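Structure, as structure tokens:
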Amino acid sequence: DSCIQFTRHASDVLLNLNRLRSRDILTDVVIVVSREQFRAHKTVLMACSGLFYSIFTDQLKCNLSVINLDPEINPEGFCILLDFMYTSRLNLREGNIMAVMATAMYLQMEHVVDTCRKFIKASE
Amino acid sequence: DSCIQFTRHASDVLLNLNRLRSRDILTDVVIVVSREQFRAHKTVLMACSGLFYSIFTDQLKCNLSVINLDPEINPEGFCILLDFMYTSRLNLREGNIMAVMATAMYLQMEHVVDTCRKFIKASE
Amino acid sequence: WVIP
Amino acid sequence: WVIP
Ligand SMILES: O=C1Cc2cc(Nc3ncnc(Cl)c3Cl)ccc2N1
Ligand SMILES: O=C1Cc2cc(Nc3ncnc(Cl)c3Cl)ccc2N1
Ligand SMILES: [Cl-]
Ligand SMILES: [Cl-]
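See the structure below:
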């Protein structure tokens, strides 16, 4: 086509989606990770994760307001990944890398799994 | 912080949100523009437009499944702007610029209004 | 704005 | 991935 493109548009959309999440506006699901609860938008979770994409395209699960993750999933690792989904920034540290990689593998977030693998390989 | 950033993340999220819109997945509102209807996600509309941000933060309107726009709004201009919201690409042409600018002013999409003004000024 |  |  002959379209023009606004370079910062995608980043501005994601920033506003994160502002709606912080103010709990139009969040339609609570993700339960052991004792911890995280509110989010189903559409953003699906856009970022192969696991959520599969869950919310399922004809019964698409209607659930609560999703319980596997008990092996670490709440801090989930929190770091949820923050990444809404910001593009990943808080990857020596103390959390193993939990972040395991959660990214479970959530099917291939770009996160890739950088965790590279950061681990460099430390070996 | 000491975060790492994935450059293409925001663009990849927006691409997936557009794929969900095309397949009518988790769309929660229909925007009526005279005889035409457009399905979308309330969160994306709010993230892109000052008008939708005001509508869907209103305690009564946030629950509506149908929103009727002002009868002066051109359906093609709306369609072009809805496509821009979900892709960052604006199909701006001599034949549609006036309708696109008027719709962007109504929707409160300041970056679109700005480029329409500049494209018009250059043609004068 | 750019030409994509 | 980059240092933002
Ligand atoms: O590593 C990842 C990140 C990811 C996201 C999604 N999401 C979608 N993919 C295709 N169309 C749609 Cl509509 C969505 Cl929402 C699926 C798989 C994966 N894997
Ligand atoms: O030109 C524009 C584009 C736009 C978007 C929004 N959206 C939001 N702004 C602040 N926080 C939040 Cl949570 C959202 Cl969703 C408001 C005004 C405008 N004006
Ligand atoms: Cl990823
Ligand atoms: Cl805009």
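Residue numbers (the entry's author numbering), protein chains in the order written: chain A, 6 to 129; chain A', 6 to 129; chain D, 1 to 4; chain D', 1 to 4. A prime marks a further copy of an entry chain. Where is the CB? At the ideal position from N, CA and C, for every residue including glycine.
Rounded to whole angstroms, the separation of the alpha carbons of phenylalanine 89 of chain A and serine 128 of chain A is 23 Å. By the rule of a C-beta closer than 6 Å to any heavy atom of ligand 4, the residues picked out are A'/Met114, A'/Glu115, A'/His116, A'/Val117.
If you check the CB distance, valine 117 of chain A and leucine 86 of chain A come in under 8 Å.
Straight-line spacing of the CA atoms in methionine 51 of chain A' and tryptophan 1 of chain D' works out to 29 Å. The way I'd put it, the segment 92–108 of chain A doesn't touch the segment 55–65 of chain A; fewer than three beta-carbon pairs between them come closer than 8 Å. The continuous alpha helix (DSSP H) containing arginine 24 of chain A extends over residues 14–27.
Relative to ligand 1, the beta carbon of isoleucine 60 of chain A is positioned no closer than 7 Å to any heavy atom. Between ligand 2 and the CB of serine 54 of chain A', the shortest heavy atom gap is smaller than 7 Å. Chain-order list of chain A residues neighbouring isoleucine 30 of chain A': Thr48, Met51, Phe61, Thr62, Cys67, by C-beta distance under 9 Å. By alpha-carbon distance to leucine 56 of chain A, the top candidate from A/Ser39, A/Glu99, A/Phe83, A/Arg40 is A/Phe83. Scanning its chain for C-beta atoms nearer than 6 Å, with the 5 sequence neighbours on each side dropped, one finds around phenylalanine 61 of chain A' the residues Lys47, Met51, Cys67, in chain order.
Shown here, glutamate 41 of chain A sits in a strand according to DSSP, grouped into three states.
A straight line joining the alpha-carbon of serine 16 of chain A with that of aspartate 17 of chain A' spans about 10 Å.
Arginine 26 of chain A is classed as buried because its beta carbon has at least 16 other beta carbons within 10 Å across all chains shown.
When secondary structure is reduced to three states using DSSP, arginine 98 of chain A falls in the coil class, being assigned neither helix nor strand. Membership of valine 71 of chain A in the beta strand (DSSP E) is indicated by the continuous run 71–73.
When Cβ-Cβ separations below 8 Å define contact, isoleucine 9 of chain A' makes contact with chain A. With fewer than 16 other CB atoms across the displayed protein chains lying within 10 angstroms of its CB, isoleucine 3 of chain D is exposed. Shortest gap from the CB of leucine 19 of chain A to any heavy atom of ligand 2: 7 Å or more. Where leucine 50 of chain A is concerned, the enclosing alpha helix (DSSP H) starts and stops at 47–53.
With a threshold of 7 Å, the Cβ atom of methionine 51 of chain A' counts as near ligand 2, since some heavy atom of the ligand is closer than that. For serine 16 of chain A, the chain A' residues whose C-beta falls within less than 7 Å of its own C-beta are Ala15, listed in chain order. The shortest CA-to-CA distance from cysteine 8 of chain A' to any of A/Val38, A/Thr12, A/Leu97 is the one to A/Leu97.
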